[PDB]
Amino acid sequence: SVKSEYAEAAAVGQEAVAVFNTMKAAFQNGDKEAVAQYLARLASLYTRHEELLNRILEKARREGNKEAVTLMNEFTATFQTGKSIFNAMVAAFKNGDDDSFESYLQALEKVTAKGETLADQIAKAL
Ligand SMILES: Oc1ccc2c(c1)OCO2
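Conventions adopted
- All residue numbers refer to a per-chain count from 1 along the written sequence rather than necessarily to the numbering of the entry. Residues that lack coordinates are not shown.
- Hydrogen atoms and water are omitted, and side-chain values are computed over all heavy atoms in the structure.
- Helix numbering and strand numbering both begin at the N terminus, where a helix is a DSSP run of H or I of at least 4 residues and a strand a DSSP run of E of at least 2.
- Multiplying 1.5 Å by the residue count of a helix minus one yields the expected span of that helix.
- Patch definition: residues above 30% relative accessible area lacking any salt bridge, with like charges linked at up to 9 Å and the nonpolar side chains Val, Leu, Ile, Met, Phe, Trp and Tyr linked at up to 5 Å.
- The Shrake-Rupley method, run with a 1.4 Å probe sphere, supplies the accessible areas, and residue values consider only the shown protein chains as cover.
- The salt bridge definition used is simple: a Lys or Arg side-chain nitrogen within 4 Å of an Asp or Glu carboxyl oxygen.
- Only four residue types enter the tally: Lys and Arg on the positive side, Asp and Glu on the negative side, with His and both chain ends excluded.
- Where a charge sits is defined by one atom per residue type, namely NZ (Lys), CZ (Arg), CG (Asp) or CD (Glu).
- Exposure categories follow from relative accessible area, calculated using a 1.4 Å probe and restricted to protein chains: below 20% of the type maximum is buried, above 50% is exposed, and the middle band is partly exposed.
- A 1.4 Å probe that fits into a set of points on a 1 Å grid over the protein atoms alone but cannot get out defines a cavity; an open set with protein on both sides within 12 Å along at least five of seven lines defines a pocket, and lining residues are those with an atom within 4 Å of a point.
- Grid points are joined across faces, edges and corners, and a volume is the space filled by probe spheres set on the points.
- Three categories are distinguished: nonpolar for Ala, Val, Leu, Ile, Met, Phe, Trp, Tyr, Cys and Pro, charged for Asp, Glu, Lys and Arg, and polar for the others, with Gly belonging to the last.

Method-wise, the PDB entry is recorded as coming from X-ray crystallography, at a reported resolution of 1.5800 Å.

Labelled according to the PDB entry, the protein appears under the name De novo designed ABLE protein, originating from synthetic construct. This entry carries the title "PanDDA analysis group deposition -- Crystal structure of ABLE in complex with ZINC000000164504".

Here it is as structure tokens:
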């Protein structure tokens, strides 16, 4: 069902949170080789999450689940903010700009946390 597909999408999201937190520790410790690998892994996870989310929104639309569509439109917009900040973080890493990396890292944490009440709201609406 779309609800089990959203639970699968939620788990992939949690996997990104887990990897993100081990990447943050690695960054703080200066282990740039680990950071590079974690950033690649996070890219894959975010790409996968985004794909699952679009499939869930499209299905909600085909099902005429207006409330779910509203919430998913808001959530996917927030997800794109996160993606843009993530890509800026990756660029800051490439450039060796640790001050920008620190900034972007904090911002991505705030975007992800704020989206969680909505994320929980979607689970109930599908
Ligand atoms: O990759 C993400 C970017 C922004 C988010 C998110 C995941 O869940 C809540 O908001």
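From this point on, the discussion continues.
Draft legend 1. Spotlight on helix 3 (residues 66–95). Given a rise of 1.5 Å per residue, 30 residues ought to cover 44 Å, and the 44 Å separating the end C-alpha atoms of helix 3 matches this to within 8%. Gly96, located one to two residues past helix 3, shows a positive phi value of around 65°.

Draft legend 2. Spatial organisation of a negative patch on the surface. A contiguous patch of negative charge on the surface is contributed by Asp97, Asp98, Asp99 and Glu102. On the secondary structure map, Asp97 appears in the loop between helix 3 and helix 4 (98–125). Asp97 sits in the partly exposed class, given a relative accessible area of 30%.

Draft legend 3. Main features of the layout of surface pockets. In this structure, the largest pocket encloses a volume near 540 Å³. In terms of lining residues, the largest pocket is bounded by 25 residues, among which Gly13, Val17, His49, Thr112 and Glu116 are the most central. Counting only elements with at least two residues in the lining of the largest pocket, the list comes to helix 1 (2–29), helix 2 (32–62), helix 3 and helix 4. Looking at the lining of the largest pocket, its residues break down into 13 nonpolar, eight polar and four charged.

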